[PDB]
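1. Just dropping in an experimental structure and the matching sequence.
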Amino acid sequence: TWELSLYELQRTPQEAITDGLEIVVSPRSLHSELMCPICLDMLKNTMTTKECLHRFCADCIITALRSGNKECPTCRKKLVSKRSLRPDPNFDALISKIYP
Amino acid sequence: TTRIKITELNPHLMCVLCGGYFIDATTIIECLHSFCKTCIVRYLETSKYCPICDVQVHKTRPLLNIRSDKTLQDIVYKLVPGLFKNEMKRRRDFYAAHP
Ligand SMILES: CCc1c(-c2cccc3[nH]ccc23)[nH]c(C(=O)O)c1-c1ccccc1Cl
Ligand SMILES: [Zn+2]
Ligand SMILES: [Zn+2]
Ligand SMILES: [Zn+2]
Ligand SMILES: [Zn+2]
């Protein structure tokens, strides 16, 4: 269930930043979130599992399910069907901003 | 390593209902669109279709096909300086006034 707590019921927007500050980002920074745990490089052609929202490479995920475990390599949950895999364009849209 | 103007990322880090950054980021597992947890729950109280792409989330129970996106929410808390401080402090303040 998605019941909203008292806080969530009355929470306000978190105002965004128009100021034009700049953040510094190394290939190491945020790496825990951007690395395909298959190939440990940058996500290219991202895929996401619909049951658990886990991202992998399109070219990489085909081989991990090919080696006989049919679960999600991250949370170890049975990956049902084939429609559980969708390419993630809104996520690759994000990679293209961070070449290193 | 590069430096990026945050005005360049704000599209990828903002809820179209809230006009602000994602807090408790949540994702429709059909179209991979994402909104604040509270924003989309209130939205889906009146529509079974995505606010942006306009797909049908479900014929009957829309909440069935949305998941937390902690992977996405973590990217926000890391790129946006002190957003996590600010949001956590907001919640303490609340429960300091409502026990
Ligand atoms: C990534 C794998 C996968 C699946 C799928 C989903 C769930 C279990 C699966 N076990 C084998 C595959 C597969 N379904 C699809 C699909 O889109 O048809 C894919 C897929 C996605 C992109 C490119 C190539 C393929 Cl085959
Ligand atoms: Zn990969
Ligand atoms: Zn998973
Ligand atoms: Zn929002
Ligand atoms: Zn959508």
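-> Perfect, thanks for sending it. Numbering: from 1, shown residues only, chains lettered A, B, ... in the order given. Ligands and ions are numbered 1, 2, ... in the order given.

2. Any buried residues in stretch B:3-17, and which?
-> With burial defined by 16 or more other Cβ atoms under 10 Å in any protein chain shown, the residues of stretch B:3-17 counted as buried are B:6, B:9, B:10, B:12, B:13, B:14, B:15, B:17. C-betas here are computed from N, CA, C, even on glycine.

3. pretty sure the fourth one is in a helix, no?
-> Right, the one you point to is residue B:12. Yes - the assignment for residue B:12 by DSSP: H, G, I helix; E, B strand; the rest coil puts it in a helix.

4. Over to the residue of chain A found nearest ligand 5. Which of the three states is it?
-> When distances are taken as Cβ to the ion, chain A approaches ligand 5 most closely through residue A:90, which lies 8.9 Å from it. For residue A:90, the assignment made with three-state DSSP gives helix.

5. Any figure for the gap between residue A:74 and ligand 1?
-> The spacing between residue A:74 and ligand 1, counted by Cβ to the nearest ligand atom, to the nearest Å, is 14 Å.

6. Settle this for me: that residue is touching residue A:54, isn't it.
-> Yes - with contact defined as Cβ atoms under 8 Å, residue A:74 counts as touching residue A:54 (4.6 Å).

7. Which one's more surrounded, these two?
-> More neighbours surround residue A:54 than the other of residue A:74 and residue A:54, with 18 against 14 (other Cβ atoms under 10 Å in any protein chain shown).
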